[PDB]
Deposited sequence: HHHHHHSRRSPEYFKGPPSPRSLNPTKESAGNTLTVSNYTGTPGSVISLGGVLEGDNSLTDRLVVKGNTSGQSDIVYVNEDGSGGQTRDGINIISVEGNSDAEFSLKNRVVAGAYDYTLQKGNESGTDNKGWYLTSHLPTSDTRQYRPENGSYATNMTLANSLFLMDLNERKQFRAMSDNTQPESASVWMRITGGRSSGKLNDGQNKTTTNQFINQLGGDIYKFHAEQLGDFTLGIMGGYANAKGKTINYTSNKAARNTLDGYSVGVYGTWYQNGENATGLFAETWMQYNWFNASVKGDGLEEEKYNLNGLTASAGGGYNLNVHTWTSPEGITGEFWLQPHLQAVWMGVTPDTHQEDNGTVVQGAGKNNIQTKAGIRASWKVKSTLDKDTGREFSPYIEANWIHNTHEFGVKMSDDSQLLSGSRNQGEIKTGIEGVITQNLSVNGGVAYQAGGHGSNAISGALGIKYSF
């Protein structure tokens, strides 16, 4: 039998690295704000422990510079920050023993954007960002005193793609655009936990330090004016490591979604000359028992 508490430690590690992630195409049109809600289900090598958590995230940022250049393109440089929080519970199917975990974190960093022919037109694009994360975590086993530690670190990303205007039509009813976007994204997850000793003398260290998440996919976007622009997206997620936990004995337990399938969809609408609002729904699946279902609402205000 393996304690549930592993599930808890291993999960905070996973969240800590994927909690403040920003996907491609999010940062597009001055001052933004995004608010997310999500639930996730996962399991360990145990064949015993399954963990489910719900989380809330808030992010905001702004554009500092916007230097369009004659030689190569339009650039943007901005800054972002966020606060997030999550709660999980791990239950052991064979033992029936249980445990819970919670996590509060903060982030800050800067991002970058590039379009060769400008957005709203066919051509290459790239996005990038980097940030620092401080998280305060706890693990509680049922009936036992609660344990606190910290995870903090760097997260960095780089990605690109190609925007393509396929067709443009007009209804007698009215002006449609249809767009295809093959894209590729890579993220370096460098948030590591403190090495932590429990009330019982058990030391717990992180497994999975420095995972590289790679996303490859295509987005299909349908723009409409009379604006609103709904989208569908499909991605392949690959991970270089799988997040887990290492013991004093130095055994290990891992929670593996080396390969996952992702499907996104949502609608974005213009509400003012300056303001826009959007909604998005994302769903991730890996092995039996791995899921993330996320709903985000974002607001942006051009100057």
Going from the first residue of the deposited sequence to the last, where are the unmodelled runs? 1-144, 174-186, 331, 385-392
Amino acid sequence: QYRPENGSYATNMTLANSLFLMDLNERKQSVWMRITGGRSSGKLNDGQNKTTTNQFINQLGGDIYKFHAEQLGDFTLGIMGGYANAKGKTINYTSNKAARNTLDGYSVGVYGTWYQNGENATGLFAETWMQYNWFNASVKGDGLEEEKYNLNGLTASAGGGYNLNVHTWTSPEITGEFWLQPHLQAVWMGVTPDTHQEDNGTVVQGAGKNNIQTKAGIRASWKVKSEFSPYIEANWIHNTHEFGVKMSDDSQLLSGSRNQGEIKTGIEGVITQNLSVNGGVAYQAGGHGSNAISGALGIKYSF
From here on, numbers count along this sequence of modelled residues.
Comparing 153-161 with 216-224, where is the mean C-alpha B-factor higher? 216-224
State which stretch shows the higher mean Cα B factor in the entry: 72-80 or 207-215. 72-80
Tell me, please, which of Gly190, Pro193, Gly88, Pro172 has the highest C-alpha B factor according to the deposited entry? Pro172
Would you mind ranking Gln29 by its C-alpha B-factor against the rest of the chain and naming the third, lowest, middle or highest? highest
Split into thirds by Cα B-factor across the chain's modelled residues, where does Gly280 land: lowest, middle or highest? middle
Lowest, middle or highest third of the chain for the C-alpha temperature factor of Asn12? lowest
Among the chain's modelled residues, which third holds the C-alpha B-factor of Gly118? highest
B-factor third for the C-alpha atom of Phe135 within its chain: lowest
